[PDB]
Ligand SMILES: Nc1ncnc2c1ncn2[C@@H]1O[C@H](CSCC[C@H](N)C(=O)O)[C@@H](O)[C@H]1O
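What follows is one chain in structure tokens, specifically the form solved without S-adenosyl-L-homocysteine.
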């Protein structure tokens, strides 16, 4: 269930309850990578319960080590790294998110987002409270060669194609009322995708497709 160092242990239902009650706000990152991005949201907002959810738990191990240390040594006790896929999220993670974030997704998470697949979008909808925003950010440079296999068979997602492909309708039918979709050129990449193999301040930027939606009633 939950990362505790380099070992994943079980999270006591009670402790998971107190942590929720104790938090000003709950933020859920689906698809976290090595989870440095989730770690920094936790450091910047110690009162947020930041929850990183992703099946590939071995990659979040270093983040978990650094987060387990004492406060003065860069520890972050408000960071919860959950080992789970979004398509079959456990019932304890149902309706907890004040905000759901999908920051530069890869693999199935990325493909399900571009295609508007029921299992990914409903899993994302399952974790959110009514009114909670869905923030999806995808770097557009994934559509230059070589285009990643998980999306190589699709056309480039633009603000205009999001509507004409019916993605905006599939989102609304699954409980996601789209509010805004736009391209933001020259976006500092360190804002939505940190990494322990990357140094902050490199100033690397990219064009990023943003999509905000709000959790409503499914059809």
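Numbering follows the first chain given and starts at 1.
Not pictured, yet referred to below: the form deposited with S-adenosyl-L-homocysteine bound.
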With the partner omitted here, the residue among 173, 56, 162, 178 that in the deposited complex has a heavy atom within 4.5 Å of S-adenosyl-L-homocysteine is 56
Checking 92, 118, 115, 104 against S-adenosyl-L-homocysteine in the deposited complex, the residue with a non-hydrogen atom inside 4.5 angstroms turns out to be 104
Here the chain appears without its partner; judged in the deposited complex, the stretch of 5 to 13, 19 to 27, 207 to 215, 193 to 201 with heavy atoms within 4.5 Å of S-adenosyl-L-homocysteine is 193 to 201
Exercise. Hey, in the deposited complex, is residue 32 touching S-adenosyl-L-homocysteine, heavy atoms inside 4.5 Å?
Worked result: yes
With the partner left out of view, is residue 108 within 4.5 angstroms of S-adenosyl-L-homocysteine in the deposited complex by any non-hydrogen atom?
yes
Is residue 86 near S-adenosyl-L-homocysteine? Define near as a heavy atom within 4.5 Å, in the deposited complex. yes
Contact check, 125 to 152 vs S-adenosyl-L-homocysteine in the deposited complex, heavy atom within 4.5 Å, ordered by sequence, gives none
